[PDB]
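Undergrad:
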Amino acid sequence: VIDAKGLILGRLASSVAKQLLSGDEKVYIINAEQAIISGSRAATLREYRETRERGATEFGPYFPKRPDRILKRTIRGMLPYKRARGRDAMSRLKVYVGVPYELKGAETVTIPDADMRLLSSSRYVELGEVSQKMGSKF
Amino acid sequence: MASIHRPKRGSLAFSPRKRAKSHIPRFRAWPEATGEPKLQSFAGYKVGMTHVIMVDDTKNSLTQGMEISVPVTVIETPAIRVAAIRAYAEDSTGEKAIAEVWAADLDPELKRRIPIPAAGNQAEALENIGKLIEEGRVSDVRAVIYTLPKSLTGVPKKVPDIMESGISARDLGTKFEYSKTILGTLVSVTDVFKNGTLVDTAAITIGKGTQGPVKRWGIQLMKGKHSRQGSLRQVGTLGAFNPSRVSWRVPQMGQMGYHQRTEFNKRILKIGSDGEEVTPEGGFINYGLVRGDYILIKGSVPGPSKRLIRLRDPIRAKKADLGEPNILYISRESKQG
RNA sequence: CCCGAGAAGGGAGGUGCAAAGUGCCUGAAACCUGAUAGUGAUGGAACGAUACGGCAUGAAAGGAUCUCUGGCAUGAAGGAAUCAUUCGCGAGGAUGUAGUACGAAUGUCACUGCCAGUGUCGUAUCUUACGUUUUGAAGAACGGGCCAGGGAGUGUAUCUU
RNA sequence: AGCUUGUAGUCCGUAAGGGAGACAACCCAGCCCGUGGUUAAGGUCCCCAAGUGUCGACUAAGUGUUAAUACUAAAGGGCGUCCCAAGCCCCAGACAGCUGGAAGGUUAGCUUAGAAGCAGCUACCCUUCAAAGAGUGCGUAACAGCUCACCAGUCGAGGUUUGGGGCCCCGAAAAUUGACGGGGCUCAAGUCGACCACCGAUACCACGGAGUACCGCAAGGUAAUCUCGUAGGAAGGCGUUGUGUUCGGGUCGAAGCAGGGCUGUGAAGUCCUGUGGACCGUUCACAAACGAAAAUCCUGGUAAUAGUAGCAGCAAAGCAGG
RNA sequence: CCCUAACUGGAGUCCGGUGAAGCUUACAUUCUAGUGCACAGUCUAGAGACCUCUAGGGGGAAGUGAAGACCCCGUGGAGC
RNA sequence: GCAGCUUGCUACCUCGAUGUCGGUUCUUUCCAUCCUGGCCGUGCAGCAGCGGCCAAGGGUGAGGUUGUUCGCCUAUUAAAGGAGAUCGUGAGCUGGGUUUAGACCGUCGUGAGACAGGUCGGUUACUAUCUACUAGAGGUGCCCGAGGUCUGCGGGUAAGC
RNA sequence: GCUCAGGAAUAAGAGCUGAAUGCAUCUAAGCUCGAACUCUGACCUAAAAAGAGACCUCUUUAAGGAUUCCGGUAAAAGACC
Ligand SMILES: [Mg+2]
Ligand SMILES: [Mg+2]
Ligand SMILES: [Mg+2]
Ligand SMILES: [Mg+2]
Ligand SMILES: [Mg+2]
Ligand SMILES: [Mg+2]
Ligand SMILES: [Mg+2]
Ligand SMILES: [Mg+2]
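Order-wise, the sequence lines are chains BJ and BD. Using the entry's author numbering, the first residue of the first sequence is number 6, and each one after it goes up by one. Using the entry's author numbering, the first residue of the second sequence is number 1, and each one after it goes up by one.
1) DSSP beta-bridge partners for residue 368 (chain BD)?
2) Going by the CB atoms, is the gap between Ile34 (chain BJ) and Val100 (chain BJ) shorter than 7 Å?
3) Whose C-beta lies closer than 8 Å to the C-beta of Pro71 (chain BD) among residues of the same chain, with five residues either side of it excluded?
4) What did DSSP end up calling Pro71 (chain BD) once you bin it into helix, strand or coil?
5) For the candidate residues BD:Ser139, BD:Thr147 and BD:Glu100, whose alpha-carbon lies nearest to that of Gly44 (chain BD)?
6) In chain BJ, what lies closer than 8 Å to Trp248 (chain BD) by C-beta?
7) Please return the same chain residues whose Cβ sits closer than 6 Å to the Cβ of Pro78 (chain BD), not counting the five positions on each side in sequence.
8) Span of the beta strand (DSSP E) holding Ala83 (chain BD)?
9) So, for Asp105 (chain BD): in the same chain, excluding its five sequence neighbours on each side, which residues have a beta-carbon less than 8 Å away from its beta-carbon?
10) Using 10 angstroms around the beta-carbon of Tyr329 (chain BD), count the other beta-carbons present and answer buried if the total reaches 16, otherwise exposed.
11) Over the uninterrupted alpha helix (DSSP H) stretch that includes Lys23 (chain BJ), give me the two end residues.
12) Given this structure, state the Cα-to-Cα distance separating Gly323 (chain BD) from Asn195 (chain BD), to the nearest angstrom.
13) Taking contact to mean 3 or more Cβ pairs, one atom from each stretch, closer than 8 Å, check whether the region 299 to 318 of chain BD and the region 24 to 43 of chain BD are in contact.
14) Please give me, in chain order, every unbroken run of the beta strand (DSSP E) with length at least 3 that falls completely inside the region 173 to 230 of chain BD.
15) Restricting to runs no shorter than 3 residues, where is the beta strand (DSSP E) found entirely within the region 118 to 158 of chain BD?
16) Buried or exposed: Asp191 (chain BD), going by 16 or more other Cβ atoms within 10 Å of its Cβ?
17) Quick one: which chain BJ residues come within Cβ less than 7 Å of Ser92 (chain BD)?
18) Note the first and the last residue of the continuous beta strand (DSSP E) segment covering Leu308 (chain BD).
19) Would you report the Cα separation of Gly236 (chain BD) and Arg57 (chain BJ), rounded to the nearest angstrom?
20) With 16 as the cutoff for other CB atoms within 10 Å, does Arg81 (chain BD) come out buried or exposed?
21) Does the beta-carbon of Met66 (chain BD) have 16 or more other beta-carbons within 10 angstroms, so that it is buried, or is it exposed?
22) Return the CA-CA distance between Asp171 (chain BD) and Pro117 (chain BD), expressed in angstroms with no decimal places.
23) What did DSSP end up calling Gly166 (chain BD) once you bin it into helix, strand or coil?
Structure follows, in structure tokens:
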């Protein structure tokens with residue numbers, strides 16, 4: 006299992022996507038609600054608001070609201086989910102808000118690359134804040 | 001092009017407009033408890049309409065202190081039985097049922113709806129729920145009630161209707177204790193609502209079958225010379241050249257009626273016990289005559305006669321405590337001719 | 001002879017080398033009915049080419065130093081890993097190990113009973129049909145529903161090579 | 001003006017294959033078939049093969065992440081931030097503050113009463129002391145003080161004026177929902193100056209094979225200096241029907257038809273199995289009513305549409321029993 | 001007409017019998033932007049989409065009917 | 001400098017047909033804000049004005065002339081904003097104008113005839129194959145078999161102004 | 001006949017703290033308010049949510065479901081009660 010406590014969003018997603026595609030057992034991202042998204046507050050909120058309200062009702066883009074749904078969607082883009090390889094990879098990913106009971110006390114590991122300590126300044130927001138600004142109870 | 005502006009035809013806050021999946025209204029939101037323990041809902045069957053002459057007492061109203069005529073809907077409310085207790089758990093993904101305990105004694109006619117539960121665990125299951133609440137897992141408690149339509153005569157059915165209600169208290173322990181006290185008993189309408197208070201009503205509306213755009217959305221007919229050219233009750237245009245599709249917001253034909261609707265701030269004018277005080281000569285049309293206890297509601301109520309009406313205490317009321325209405329005359333004229 | 005209302009038609013049973021059963025020689029395709037193989041109700045398209053797999057078939061006309069798996073000898077272009085010395089702020093370089101171990105293929109000795117081929121499905125790369133008019137065609141330019149057959153530089157005189 | 005008309009080179013037309021998101025004519029490359037190897041353009045976080053590579057700085061705007069390009073916004077400004085140079089004052093003491101001073105005379109010339117430093121001539125209103133003024137402003141008929149300019153005590157280290165550059169910000173508003181190719185990216189997965197390793201074509205190298213050009217009596221020899229192709233020119237072959245001639249096959253099963261095996265670069269040939277029941281080839285030559293996928297082609301057969309429209313409108317006619 | 005409502009008979013809807021024709025290279029469950037002979041269901045990148053059937057009005061297929069009647073051209077015609 | 005909402009310029013697509021102007025019906029988008037919400041300045045006492053900034057949720061109507069768009073006028077009103085969608089919308093409607101064949105008036109021509117001037121008259125085709133949408137059903141997938149009661153990933157809203 | 005708010009985070013804007021630039025300064029970090037906008041709260045729909053759900057009861061040659069029959073709070077056919 007992978008703990009998303011204080012990790013960059015795209016860096017984490019890229020690493021997880023590649024080592025899903027390499028072919029192994031399934032992976033678990035827990036605490037997927039305090040992942041970091043570097044960038045100023047206003048710009049992040051603006052971009053996510055425009056992403057949220059963009060579709061048409063019958064067939065438009067249905068961007069999710071829940072935090073783990075957002076993280077799953079972010080990983081979904083770095084992956085050929087229309088092919089068979091990509092669909093099989095998407096079948097082996099499980100991102101949880103908080104800690105599920107069955108993964109309680111499980112052994113964890115982290116991506117040493119995606120670390121908020123590796124950031125120049127203090128210009129970032131946490132994923133749960135954007136989730137609540139988009140109107141989600143988690 | 002100098003266009004003349006017009007509000008949109010009909011409301012899109014109720015779409016899609018499809019048949020209700022059940023014949024029993026379901027409540028999505030329960031109010032906040034502000035008093036001693038009690039149920040937050042009740043059920044009954046609609047009969048018909050009359051009018052009463054009551055001394056006006058609405059504060060600050062123009063017609064204060066003088067007689068007025070008011071339309072009222074009479075609703076038959078035989079006593080209900082509290083048949084089970086259900087416990088819910090809160091987590092990230094919302095509430096989740098985690099336990100139920102049924103009453104030992106039940107009506108034999110409940111076998112028509114579901115097979116009768118057998119008396120297994122009653123004390124042990126209740127203490128199990130108590131231990132769960134003691135270890136802080138349970139968040140709220142709900143009661144399961146059903147009606148007993150066999151006592152009425154104007155309603156042909158003899159099979160009960162099962163639904164879930166809510167208990168009103170300021171603590172989970174109090175709700176559990178009250179639910180234990182009232183489990184497996186008969187609750188009368190007077191134990192839930194006080195005379196003169198407001199309520200919210202839900203019910204399935206009258207069904208009209210498939211209807212066209214004019215009667216379903218209230219669009220305009222074709223006027224003048226266009227009224228005799230081939231299209232009179234059809235819609236004008238289905239869309240523009242681009243986008244090359246028909247929008248879901250364009251009026252079209254389909255199901256009309258038999259949806260679930262809610263009415264707000266209906267006042268209760270009288271809690272009765274004897275049916276001879278409301279029954280007109282010759283009885284109500286297509287129903288018969290009232291036999292049990294009833295209740296008078298100011299205004300109209302969604303749904304036709306012989307339909308189940310659910311009641312819950314108000315969720316968006318404004319006005320303060322009103323008081324007991326002063327009913328002077330209740331019309332018992334024949335509804336026929 | 002049996003069924004059938006039957007001068008309909010069907011079944012059984014005969015004639016004839018052979019049903020060729022009356023507009024009856026042979027009896028193609030489009031189209032229609034059934035059966036068999038592959039696939040199939042979470043799925044993206046010029047309907048295919050190339051390589052690798054699943055399932056089904058592989059009697060004749062195709063292979064028997066042939067199919068499968070390995071050993072040994074020679075091996076063109078190319079050509080490491082490992083270790084040591086040394087240079088560089090560093091990622092790394094140079095020399096030696098070494099043109100060595102390997103390397104398309106060419107021969108040879110055992111081993112095995114399959115391989116070639118055909119149908120359909122899956123995975124990876126690539127491709128927006130065909131003729132024509134056009135500077136430019138996948139075109140929102142024109143032509144064709146489909147199948148069979150028919151369908152377009154020929155003769156006399158004269159000149160030139 | 002993706003306008004019109006010239007000119008030099010090279011291309012598309014008639015040009016594959018590799019890379020640019022897709023791209024007639026932009027970059028690498030001009031191409032017979034098969035196998036191995038190394039590179040070009042371009043790239044190396046994931047989609048996607050190979051770097052979460054190295055060194056030194058910049059950007060805080062999601063700016064940017066777009067060789068050329070018909071696809072990318074300007075003048076002007078910025079005490080936004082990063083650099084270079086030039087002057088000026090400077091620890092015996094520069095700037096911002098803490099302070100007061102700005103007293104001599106004047107109430108300056110002023111008619112309105114009054115514009116008494118602040119409507120309207122003048123001039124430093126003191127010989128003199130840091131300061132002392134014809135002087136801005138709260139006040140201000142006029143003033144007046146409070147005090148402007150202007151210096152003085154005070155702290156205790158750098159301060160200040162200009163010019164030339166890099167990036168960014170404002171200037172910056174459009175109509176279905178949405179385009180760095182997408183996800184995303186902040187000491188970078190952006191920009192600038194350098195560097196290292198690897199990936200990546202039919203290019204280049206090696207081996208085998210086909211054809212062609214030219215020479216040679218033949219055997220065979222040479223080809224880094226041969227292998228793209230529309231209009232078009234030229235050479236050699238396959239097939240259909242028949243005639244002259246040579247050699248044959250067939251009721252122990254000809255032609256034809258359906259499906260298969262092998263040969264040939266190919267037009268095509270030959271053989272096998274099922275059906276069929278009477279004719280068919282071959283050597284050397286010669287002939288033609290000689291080869292079809294297309295003409296809103298001609299004739300015949302037959303689909304979908306589809307168990308659909310119609311069987312109502314001007315004369316709505318039938319029911320019981322036998 | 002404001003502003004539409006109820007009703008009547010014939011069709012339609014449902015069942016039995018009878019029984020055509022016209023568009024058609026192929027495939028096809030789509031939507032947005034770009035690109036492209038500058039107006040794409042099929043290309044490029046995304047977003048969506050379980051399959052079959054019935055009813056319904058006509059948004060799109062630059063829907064079908066048809067070698068443009070408007071303009072020009074032809075050392076083409078006719079009438080006046 | 002921006003927009004492409006007026007008129008020009010060009011000739012890249014369409015002549016084996018992409019059915020014109022205005023109005024009507026219905027849906028949607030933009031903001032460069034007419035009213036409604038919030039702020040700043042004033043040569044803003046109050047009332048009411050003038051100028052600017054944020055904001056596209058809701059509203060933006062009834063009539064007389066005219067085919068008209070445009071524009072003028074009338075009485076209300078919080079205000080009676082402007083544009084885009086093949087100058088949205090004819091397999092939805094209308095046919096007033098323009099754009100056929102008939103005739104009259106004026107002006108041109110010797111004349112047949114013409115006007116870029118006026119006036120009167122003058123046929124609106126189709127049984128929906130595919131897709132999209134609006135509603136109603138039958139399957140298969142997940143699943144011990146069946147029934148019941150719930151949760152809520154998501155979708156919609158102007159539900160009030 | 002009924003037809004509300006309240007709250008969270010914000011735009012223009014108004015302030016607090018505060019240095020670069022000893023002072024001053026709404027801004028460079030940080031913080032507090034602030035719209036008919038946005039979100040939440042009401043309301044309608046929603047296990048075909050492919051992570052394809054939770055709980056309870058009855059019963060596995062049964063529970064139960066359909067067809068026939070008498071009907072309508074429903075209804076184009078189906079479905080529904
Ligand atoms: Mg040409
Ligand atoms: Mg032929
Ligand atoms: Mg060329
Ligand atoms: Mg190319
Ligand atoms: Mg040629
Ligand atoms: Mg033919
Ligand atoms: Mg000529
Ligand atoms: Mg139309």
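Built from N, CA and C at the ideal position, the CB exists for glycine as well.
TA: Taking the definition as stated:
1) Since the first residue shown for chain BD is 1 and the last is 337, residue 368 (chain BD) is missing from the structure and cannot be characterised.
2) yes
3) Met49, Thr50, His51, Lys298, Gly299 and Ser300
4) strand
5) BD:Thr147
6) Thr62 and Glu63
7) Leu148, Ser151 and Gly292
8) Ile80 to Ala89
9) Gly184
10) exposed
11) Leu14 to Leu26
12) 8 Å
13) yes
14) 198 to 204 and 207 to 211
15) 138 to 146
16) exposed
17) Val102, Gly103 and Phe143
18) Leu308 to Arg312
19) 34 Å
20) buried
21) exposed
22) 30 Å
23) strand
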